[PDB]
Structures are given as structure tokens and as C-alpha cells.
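Every heavy atom of this structure was used, including side-chain atoms; hydrogens, water molecules and symmetry mates were not. So that the names make sense, note that chain A is the first sequence line, chain B the second, and so on, each numbered from 1.
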Amino acid sequence: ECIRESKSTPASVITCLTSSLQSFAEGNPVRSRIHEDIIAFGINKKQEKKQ
Amino acid sequence: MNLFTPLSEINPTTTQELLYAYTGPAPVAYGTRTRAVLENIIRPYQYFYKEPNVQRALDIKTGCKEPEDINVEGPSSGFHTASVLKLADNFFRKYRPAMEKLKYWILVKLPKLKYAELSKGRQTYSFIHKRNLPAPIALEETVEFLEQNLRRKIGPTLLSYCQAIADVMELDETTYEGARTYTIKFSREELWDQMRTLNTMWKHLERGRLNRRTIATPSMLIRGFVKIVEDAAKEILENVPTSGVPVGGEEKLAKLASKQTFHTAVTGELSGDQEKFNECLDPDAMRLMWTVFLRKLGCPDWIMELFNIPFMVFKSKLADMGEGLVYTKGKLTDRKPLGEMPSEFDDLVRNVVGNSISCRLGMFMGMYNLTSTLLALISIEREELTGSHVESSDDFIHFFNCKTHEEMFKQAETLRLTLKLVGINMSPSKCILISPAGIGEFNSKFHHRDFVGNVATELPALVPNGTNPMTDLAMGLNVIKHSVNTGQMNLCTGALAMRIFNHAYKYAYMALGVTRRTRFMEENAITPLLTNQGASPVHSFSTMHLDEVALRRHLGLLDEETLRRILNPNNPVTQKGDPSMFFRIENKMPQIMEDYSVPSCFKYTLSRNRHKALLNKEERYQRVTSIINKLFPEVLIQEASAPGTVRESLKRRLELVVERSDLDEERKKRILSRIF
Amino acid sequence: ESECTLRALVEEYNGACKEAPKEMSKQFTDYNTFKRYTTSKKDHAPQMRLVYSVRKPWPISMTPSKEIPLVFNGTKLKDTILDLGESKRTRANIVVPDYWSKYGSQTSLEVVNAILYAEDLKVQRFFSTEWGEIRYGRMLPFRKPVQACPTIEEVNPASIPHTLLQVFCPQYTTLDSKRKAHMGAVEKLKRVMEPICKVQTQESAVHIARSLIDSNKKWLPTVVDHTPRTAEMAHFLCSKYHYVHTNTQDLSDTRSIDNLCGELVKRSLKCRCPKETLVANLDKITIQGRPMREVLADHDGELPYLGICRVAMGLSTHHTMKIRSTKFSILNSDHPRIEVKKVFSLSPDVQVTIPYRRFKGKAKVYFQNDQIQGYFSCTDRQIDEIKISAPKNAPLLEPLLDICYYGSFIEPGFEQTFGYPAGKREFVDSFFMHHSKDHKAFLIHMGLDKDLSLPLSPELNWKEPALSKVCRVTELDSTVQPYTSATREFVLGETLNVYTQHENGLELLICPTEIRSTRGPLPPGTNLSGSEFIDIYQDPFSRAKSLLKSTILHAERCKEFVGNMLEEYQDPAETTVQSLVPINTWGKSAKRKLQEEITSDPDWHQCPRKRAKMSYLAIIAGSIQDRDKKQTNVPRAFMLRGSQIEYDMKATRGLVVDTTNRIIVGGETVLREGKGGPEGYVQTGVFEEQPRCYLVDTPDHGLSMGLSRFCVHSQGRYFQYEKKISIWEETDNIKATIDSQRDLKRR
RNA sequence: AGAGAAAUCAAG
RNA sequence: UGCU
RNA sequence: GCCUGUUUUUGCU
RNA sequence: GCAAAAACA
RNA sequence: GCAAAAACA
């Protein structure tokens, strides 16, 4: 449960963290992308800023 | 017209957009509707026989005519009973999945139909006030009439409503008591006449016709009955290839394209209309078709009786004559009833019932669009016809795939005759067949290689709506966006429509030139920052779907300090008169009630600047609905199912809310003390 | 405070009772009828009054407020001269919103962010898509229903109301409603609407959430192999004259669900009568916390295995017949595509029966591949006409050969051999290679003409000039697109073949044994413990965890497992057990220990610790033993094959840990001593008054405390779930009764 | 007057 | 009292 | 004044 | 669910 | 966001 939220790191990335934890527990260190991963790794951030 | 017929770059099909005088005024009707109503009454009698014999046609109850009596050189009113039976049998034998869906609807969907669906209608004739009233008002007063004449409560289902309607017909005298106080009396004959009465009235702002036509509206005593048959007809039509009425928009175009397969030697394409529709269709033919459908389905007798009630009531219809035919002595103008002095409608005097006139033939009104479509489609099912047919109500398109031209002509004539067997006459001047297929029209959709976009069918929607700047801008831009998506408007037309709409929208809100609003903004140093305030457009062709405020915030055109003021949920401009309830996700108290305002300060309400008891009753219903919604958050997501009456249900709910409020016990006691 | 809400509700109830003495004698269920009575909001032609209405002296109607000055800089902002009603009656000047744009009270930035949340999502979604290069060109539209806007989570329509109920008002729900809700969507929606519900009313927030999890498909003309997955950008990225190239992936779990369904189908085809095996397994597998039936209903994809599993659950499938890269759709046909068991006696001992499919009677099939679009008409195995709408100079080798294979038109293959037959896939590959290097069968089947108007060149190219042209191949004169009118209902074969109900028989749609797809990742959160195929997991840890959760939590499964391992009988988990334990020599000692533990304690299958010990002994017993080594005593603990995970008999460490308070299997607390629901709950009672047991706040609140009796509230009724004492579920008892009836019927 | 078209507005 |  | 049926767009409960 | 608008028959 | 006199995203 989130205590402090920062605008730099949105609290929605906890979904990415828990997905990675579950995938690693299931013997899969590498997992497919999810929607919360969009604003977690700056995917298409260069194009967004440029446009 | 030579300027509308290009020969080199584009074809005339693409220039069919130019054959539209829209953006010009739409014609209106001015005077008495009596002549039009009487003409619609007399036309079915003129078409029953090959030689018009009106006097010999008025004594006919069921219009059934021998195959040698069917007119082939003109409109033919009536049907062939054996033809209807055999064609309905053929239509049932084929399209078995459609009949299975009909059985599914009868068993499952029909019992769950609620009579509140009748409230969705527009102006409805009221048998109590003898006027046209909004559908909710007429429905509620009819429900009260049934409740206080049957001394019982009417179930929410439509079957219970129809059973109550049938039960009231069994009484000798019925009374209506309503607040102004006033009491009105109905005999069985009087209430029967009011049941079978259609209120006639002009159709205004109708484009595409030289002569004004008359529309009619039935009472709530028969709209419920028509609802069942219309829903069943829709259920059947959604599952048959030959129908075109229940689908619309792009789905209708896809269905049409699924049939534009021209592979044989001679591939025709017949597109035409049916003349004198809604008045050459005897309701008894629809009765027979529905009865055959229900017999071959194994349905019991009660459903057959229910399906047959509306068509008999329309067989006994009483069309409301207007305020009289116009008579002149010199340059005088006087309006007189039908039977006062001779006219061209003297043969119909015997059908006059007060101010209404009876007509046993035809439908007189498009209350059975889906059932008439089914009647048209059953006639198609025969061995001779091998082409693809699409029929909506009276506009049809047919595709032929024949080896020889003579075979195609024989098939076309067989189509005409089989349509005439059930009382449907092809309009000879409106039906055109192209022997090599590829060019046609259906529902004003012209196709040559693909369904070409039709500009000027979207122009009437380009005017600002007049609610408030945000809603007007949003819906105008989204209408333009839908027109672009459907192919009606391309890039250039879409952008030009955006510019025209924006300019008119800024004008309508006093944002152009020197106005009072602009002067006030100038003298007080108020920069616009919004489209409705005179700022530069933020929306583009690719950003039609984006909200103005969000896009301006993203682009930096609207700073956060002004955003904190525009989107204030406590602004006086859009403040509500009463407190509203709010959810609280994962909180000790999940519901909080507090005063609220619409977030945008530009979503204000414009004053409109100018059966009363029933309106106060609507207000009481609204208050009860509001308190129920406040106390029962779960009826907002699912249907209400709590037991008991409203008072006790909300009393127990309010209690249970209190004991979960996490307060002191004695405080809960003092709160419960003042509950009524 | 919290008391103000109760005060307001009490006063509203009292006023509504006093002001409306009637309208509450009606039943509460009459709300569904009288909520629609909202007349006096009707208006006619507001657009014909806007110009005058704005220019009226006092156009704006608002409630009386003191935040708007009566006169500001010489302009009279508000008018209170008339005050006919004095409530919602004062009128404001048109410049009042303009005045409020400045000189106005502000609001926290959090509120502004919450209000613009969905619109901001749309704006960032627009500015995050790669604006590619415009490719102008003539386009043949394809009309299909497409999703209006993207959804944070896709949920089947039946589960949307329950999801919303769990999001907004959990206190007025039952355990069945909670079970029918998509909990992932519930969590996402709660996180999203935590700030939004503070600025939106109840119904506004409810329907915002609904829109966030509702598909709302709408028909639009699209471009083939250019579907933007959502009509949000169709005006920008698509038209009849251009498309904007974009690079967007699926980012959806439909591929993983396909992988899971494919594994289930492949392992089900290896058993007796695969249909009921697949149906039973699909009713015992849960992805995350959602049952497999519900997640299959959620994902309505085009994929084959997903379609097979959806048909097995009674749902529909959108899959279309695909050959290589060309999609085929039968517009209309006289009879379903029949199959011929062409047996090939090339050798006496070596013979293979390779079946092909063809047409009988007349048929018309639409085909699409890349930008090539059109239809062809055939009679039996003879092509009558072909009409193609393709770009100029395009190579039409692969689509035409896919058509020929689809109709079995050309006859070098199918009934013949063009060379010994061996397997379907090899024969198909040989067919395609032979006709790729020798594409003359099409020309000798269709014929040649010297007319220059015909666009199909002898080298199977579009509009390229040549001396001769392929006969009966013309341009697509009018747009043609598949469309089904009647709601198609699908039939699943006993060998897991998906059929479509054609008029004169059954039309094959999906057929395994030629669906070629490599293995992929399983969906996260997949639970195969209750299923018969645990070896689907490729991880030894997951395999062992699922097997142990299956044995520990259920006594009957432990009985069956121990019995099969001890007596060397066939077991559903033989492969998993063999793959978990290394090649050892402890089988005889394990079987012994099984013997003494069974004889000493006939009542062993009630203590989960005893079940754990018996499961360990049975797993070692059913292991792959070594021949050339003498048997040794069973060890206290061993290591899983190809792993460093320790499995211990005493369950003090490693994969299974059984503390006094609880048992942990693979890091997860499978069983709790006093607070748990392993055997589940049953409803047992619906009442209009509270029963004589505790009333929990929410269904999940009562699921955590683990009381022997608790109630929940749902629309004025109380549902008091107590406990399940039966050792079997409804589903398998119904299965047993149905099989007993059918196993008395067979004589 | 005029607008207009199968009969209305141009007052009560 | 101000739409190109 | 302003019917029935289908489709579409927007906003609010 | 309601309200407004538009197209077609 | 990382990082500093502008590169990655």
C-alpha cells in the first residue's frame, strides 16, 4: 500500500514490480510487457516529447 | 444540370452530392390537414378493384381478393390469402435460425419486457385529455387509469400492461380521477373508440417531397400491443439475409456489399421504391403471416391472440380528421367538416365517427415498419426468384444473376407479381433496372465502385447546438469526426467544416468583432485562452477527438493558475441547487453528501425564457428517485430488487447505514430518533 | 464530518415522505419504471435560440451566490430585481464566466488532475503515437465493428456490473457477485477512481468506470492489414485516399492465452474422447484468481486455439479459415466443404491416408491477403470466375495458389502424389514448393486469352501487359465483403474440431493437427493444480508447487495419488513426478515406508502434515529408478532434478514448511490452522431480516475472518454463508450422475 | 399590399 | 449597435 | 405544432 | 436511464 | 527520468 507518492515515479509502477515478482517466482525472469510499463521505462517518451 | 455531369475525372455518382438544395429552407405545412387525411383514407378503397369503385369497397371488412382481381397496371390494395399462407410457410421453412431466435425471444426476452419501454416515445395521443402529450405523461396517466379502474396494481412487465388493457375493455363503465378534482366518464364504446383513434397532424421540415404529407400518432392503449409485435419482428429480421431495416450505418453498407456479387453472364441490379405503401397493406395479411409463424413454431393460443390484437385494432382504426375542408364563396375562406356540403370525398361520409373517420383497409401510418418488411420478405421466398433481395420498409434493391436476359426479365416480373400478391406495389416510375450490375441506390446510398460519400447530408448538423460552449464544441467536432470516419467528408471538407463550425460557434457566443462580451474582456484585461472566448483554435483535423481544456493544458496554452479557476468544482456559475452524494473508495464512510458544481465554469445553463398536476407528480417521482439513488448505490449499476415498499426499504437501508457509520451508540440513537 | 451525511439523508427521507405521501406506497422494484419519468427537461430546437439567448440581457441562470459581485468595474454581473422564485432564480450576465476565468477562487491541482484524467489520457495517447508518413492510394474499404476507445482492462459484459459493484459499493454485495467480478479490473478501477470519485457524483463516476472497462464496438470502414485496434484515431490515420503508417504492438495477453489453450488442446487430444477432458480441465484452471471460463469469455480473439476453447465453453469464435497468409470466407455455398479420405497405396506396408477438402456444388468464397482483396466462384473442383482488387504490378502467386489449395482446383496434388506420401505437413509443403517453382497448373486450369483488357498476366502479375491473358479473371467491379446475418452457432467435434452449422450439414472452421504454432509463455498467474495437466509448466518449482497444492488441500486426490504411486498404477501426474525426482534408487524404500504408514494409520488422510509426508513418499516412490544399482534407504530430503530446491520429508525447510500455525508450500501459505476457507462456503439462506450471526462489512471481510457463520447485505436482503461440509463440489457430482445415467443407457 | 403554394401569416 |  | 423504425453524435443523471 | 441534435425510410 | 554545457529515452 502506497505511503508517499512522487510525481517523478507514479505509484502505478508497483503493478510492474508485482508482475515481475510473480513472473520471477514462476521461473520466468523475463516477462511480456504490460500497460503500466508504458510510464515505467519511458517507452516512446522521446517521440512524445519531440511531437 | 450539365455542370453536374462530369465526363473525364469523376463520374456523376460522385457528383450526386450536388443534387441537394440543403442549407436552404425546408418546406413547411400551413393549413388544414383534412384534405390530405381524407386522401389517405380514400386511396386504399380506390385501389382494391381494377376499376375504381369506392362505394363497393367501403363495405369490405377483410381485404382479400382473387388472383384475377389483382391489378398489374396500377396499385393493388388487398392480398391473396392462399398466397400469404404459402409464402409464410416457405419463409418459415427457410431461415430456421431466425425462427429459433423468435422462439428464444418469446420464451426468454418477452416476459422480461417492461412497459416503461413505452416511455421512450415522442408526442403521444392521450385518450383522457384528447390531445398530444409526451409519452411519459400519457404512459403514467394510462397506468393510473388502469390501476383505478381494475382496483389493482399493474406489474412492471409489458405482458401485465397488455393484460390490464384487455381487462379494462371488459368493463361497462370506466372513470378517471386526476388532480387539476375533475372526473371524466368512458363507456365501453367510447373507450373502444379512443383506443382505435389515431391523431393526425402535419409533418413539418421534411425535405425531398413536393407535396406535404400527414403523420399520425396512436394512443397508449395500443402502443404497448404494437411493441411486442415490433420487437418480435426485429428479432426475426436481425437473422435473415434479405432484411435491411434492422441494420444501419456502416453495417447496412457491409450487408449490401456482401450481396454485390455479379459473376454470371447477365447480372442485373434493380433498385426501386414501393408506391402507395402504408395504405395498400391490409393488417389482416400481417395477422395471417404472424399466425402462420406462430403455428409452425408450436406456440400456444395466448401468444397468437396477443400478436393479433394490434392488427385488428388497426383494422378498426379511426383516423382523426383535421379542422375541416376549406370552402370559399367568393374570396372568403371557411373550414367545414366532411359531410356539411358536397366535395370530392362524399363517398366517405358514412365512415365519419364524430371528428374521426374509419378505414378498414391499409395501415394509414408507419407503425408496422418491421412487420411490413417481414410481409415483403415472405413474398420473395419462392422457387422462381433466385436473386438477392434487400428490403427495409418500402425501399428495396435486388441483384440478379441470370444466364439470359429473358430469364432476368421473367424473374423481375415474378418479383413484381409476388410483391403484388401481398399488397405491395412497385412504383413503376421509381424502379430502375440496370442489366449489367454495378450501379444502384438503396436508402439514398449510391454506389458505382464503392458506396460514395454523400456530402450535404451532414450539413444540417453543422450548426452549434446551443447548450453551452463546451458541449457545443465537443459534439460539433465529434459529428465532423464521424462524418470523416464514415467517408462522407475527406481531409479538405472535414477541415473546412471545422473552420466554418468554429467561426459560427465563436459568433454565436459573442466572441467575434466588438460585442459586449469582447468589450468587457478588453476593458478588464481578460485574455481569452479559449475558443469560445475568441482565442485561436487549438483543435486540428487530427485532434477533433481531443478535449479543448486538456489539449490546451498539454500544449501550454492554458496555464495551471487559470486551470485552477476554470475547473473549480465550487464555482457559482454552475453550482447545483441541492447537495449530491459522492463515493469514497476504501474509506470508513463510503458515501459523503455535499454541495457540488459542474467543474467547468463554461458549462452554464441558459434560461429558456418561458396536465400541470402530472408535472408536479413527475417532480415527486424525481425526488423519490433521487433519495433512492442516494440511499441505494447499487441500483445505479443493477436493477432494483429490494423487497417491500419504498418507505420501508429506505427506512431499513438508512438504519443499516447508521449502524455502520462508526459513531457512538447514543449518537446513532439520536439520529434514528428523528427518522419518520 | 461523517454525521452530516446521515443528517442530510434523514432530512431528505423525511421531506420526501412528507412532500410525497404517495410514490412510496409503491414497491421498491417500481423504481425501474418511475426513474424514467423525468419530463420538463424536454426542449425543441435549442440551436434556433442560441444567438438570441446569448444576447439576452440576463442569459445565464445560476443559484444565488455571494462570490459574484453585483457590479464589477461598472458592469452589472448579476440581476436580483425579479426573484420570482428566489431559489435558482437569480440571473447572471453572459460575461460572468469570463469574469470568473480571472479574479476567482482556485482549487487544488490534485482536483484539476482528477477532473481531466481521461481527457489527459487521450491527449497523451495522441501525442505518443508515431506520426508516420502518408501513403496515398486507392483503397477498398472493409466495414467491421471496432472498439471506440481503449480500455484499461477487457471484461466480459456479464461481469461488468459485478466489477462495478466491487469497485464502488462492496458493502452491498454477495460472495457470488464477488466471484463473478474481475478482481484485476477491480483493483485498477479503484486505483483510478480514488481521486476521481472526489470530484464526480456517484452515477458520473460509475459510468466513467464502466466506459473505462466497456468495449463499445462501432462499425466503421477500415483498411485490411491496417486495423488501428481502436477507432480513436481513424480520422487521422485512415481514409479512402491515405493511411498513416504506425508501429504499435498488441501489448495484450491474448497470445499467452492462446499458448495455454494450445497446450490444453494438444494434451487433451492424446487421451480418450478429448472433448469432455478439455471441458473438465477448462473448469478447473484459474488464471490469476479468475476461472478459465470467465477469462475465455473476456478475450474474444481471432486465434484458433482460443476459439476452440471458447467453443468448448459454449461461446463464439471469430476465427476465419486461413491458408498460409490468405484468409478465406465463404459468402454462400450449396453444401459444406466435404473431405475425401484419399488413401495412397504406394507401398503395401507403407500407406498413408491423407485427406483433403473440396467443394460440392456451387460456392462463392471471399479471399483477402495483404492488399489483395476479392472473391471467386467455383463449382465442385472447377473455378468459374475470379475477381481481384489488387494494386498494380503486384505478384499474385501466393494468393492464387492459396485459392487453388483451398478449393483443391489444380490436380497435381491432393488425389495424386507428384512423386511416397508421408504426413499432412510434408505433403502440403511439397505441394506449395512444387507449385511455386512450377505455377502452370493455374494457367492450364483457367485458360488463356489474347484480350488486353483482362488484367491478370500469365506470370501471375496484376495489370502487367502481355501477349496473352488469364481467362475468366476480371477486376472487382463492386465492393465485396463477408457478412453473416444469422447469429452463427458453433459445434465442437469429439476430436475437438470446431464446426459451423451450415444448412446442409456442418462446415469445418477450426481443425487441430495442422494448426502450427510454437510454444510460448503461459499467462501470469496460471493455476494448474486442479487440472490433470500439471506438466504444462516448464518450471520444476511451479510443477512441484502445483502438485503439492493439489495433494495437500484435498484428501481424495491424496488418496488416489498415493494409491497409484504405491501400486504403480497410471496417474495423471506421472510425468511431473518423473521429472521432479532425479534418477535414484529409493523407490523400494519409499514404497515400504508407504506400506507401514498406511497400515499403522488407516485414518491418515485427514491431517495435512500426514498428507505432506505421504505425498513426499509417493513422489519418491513413483520416480524413475536406476537398474544397475542396489536399492538404498529413502533419504530425509532430496533435491529436485536440475535445481537447487530442497524437498524435505519433515517439512522443516525448503519447498514445504509445516509450522504449527500454518503450512507453507513454495513460499505460499496453503493452509491456515483456524482462519481459512480451503473447503469453501455455501450460501444457506436468504432473509429480509438479519439472521442470528455476525454481519460482515464486505464479502472479502468475511472471507478473511473465517467465521463459522456470517451474513452479507444486498438490496435489503441478508445472505448468511456458513460452511461447506461435503467433500465434493456440485460440478463433479453432476458429472458423476450424468455419466452414471449414460453408463446405464449403453446396454 | 406582400410572403407563399394545394392554404396559412400579415393581431387580440 | 461590429462573423468577411 | 413536432408519428413510427433503424443508425449516429454529444451531454447529464 | 434520460435529454438534445442529425441522416435515412 | 538519467545526465550536465547535450547525448539516451
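Judged by ring-centre distance under 5.5 Å and interplanar angle under 30°, strand neighbours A6(H) and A7(H) are stacked.
Counting to the nearest Å, the P atom of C2(G) and the CD1 atom of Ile628(B) are 17 Å from each other. One can place CG of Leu205(B) at 13 Å from P of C8(G), the figure rounded to the nearest angstrom. At whole-Å resolution of the value, NZ in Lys42(C) and P in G1(G) are 14 Å apart. Taking atom CD of residue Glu117(B) and atom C1' of nucleotide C2(G), one finds them 12 Å apart after rounding to whole Å. Atom NZ in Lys45(A) sits roughly 9 Å away from atom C1' in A9(H) (whole-Å rounding). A6(H) atom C1' lies 11 Å from atom NZ of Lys46(A), rounded to whole Å.
Residue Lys41(C) places none of its side-chain N or O atoms closer than 4.0 Å to OP1 or OP2 of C2(G).
Using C1' as the reference atom, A11(D) and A6(D) are 26 Å apart when rounded to the nearest Å.
Using a 4.0 Å cut-off between charged side-chain N and carboxylate O, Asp43(C) and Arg608(B) make a salt bridge.
Residue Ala116(B) is out of contact with every strand shown, counting any heavy-atom pair closer than 4.0 Å.
A positive value of the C1'-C2'-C3'-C4' dihedral assigns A4(G) to the north, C3'-endo side.
For the residue pair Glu344(B) and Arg35(B), the shortest heavy atom distance occurs at OE2-CG, 4.3 Å.
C2(H) and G11(F) make neither a Watson-Crick nor a G-U wobble pair with both donor-acceptor distances under 3.5 Å. Pairing status of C8(H) against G1(H): a Watson-Crick or G-U wobble pair, both distances under 3.5 Å.
Nucleotides of RNA chain F lying under 4.0 Å from heavy atoms of chain B occupy a range whose first and last members, 5' to 3', are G1(F) to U13(F).
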Give the B/S/- string for nucleotides 3-8 of chain D, one per nucleotide from 5' to 3', where a protein heavy atom under 4.0 Å of the base yields B, of only the sugar-phosphate yields S, and otherwise -. -S-SBS

